[PDB]
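Visitor: Let me give you the structure first, and then I'll get to my questions.
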Amino acid sequence: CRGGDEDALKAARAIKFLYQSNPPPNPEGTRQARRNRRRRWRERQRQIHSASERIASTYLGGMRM
């Protein structure tokens with residue numbers, strides 16, 4: 001869980017550049033790979049393309065992205 005916002009992308013990109021550039025030793029660990037390459041829609045409404053919520057601290061089944 002990082003955050004959905006215009007400014008958020010700016011910060012995330014800063015670190016992302018390092019992540020993509022010369023990544024860590026993961027020969028048998030493409031977890032993030034599949035995590036990024038995927039499409040899923042579990043919403044029954046489209047009002048705004050931006051998660052207003054900042055941080056979600058809930059343990060109702062699932063980990064913290």
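Residue numbers for the sequence shown follow the deposited numbering, beginning at 1 and rising by one.
The C-beta atom is built at its ideal place from N, Cα and C for all residues, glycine as well.
Please work out which residues of its chain come closer than 7 Å, Cβ to Cβ, to residue 51, disregarding the five sequence neighbours upstream and downstream, and give them in chain order.
Guide: The residues are 4.
Visitor: Please report the straight-line C-alpha distance between residue 6 and residue 12, rounded to a whole angstrom.
Guide: Approximately 10 Å between the Cα atoms of the pair.
Visitor: Closest by CA to residue 8, which one among 53, 57, 60?
Guide: Ranking the options by Cα distance to residue 8, first place goes to 53.
Visitor: Can you tell me the Cα-Cα spacing of residue 42 and residue 29, whole angstroms?
Guide: If I take the Cα positions, the gap works out to 27 Å.
Visitor: For residue 15, which three-state DSSP category applies?
Guide: It is helical.
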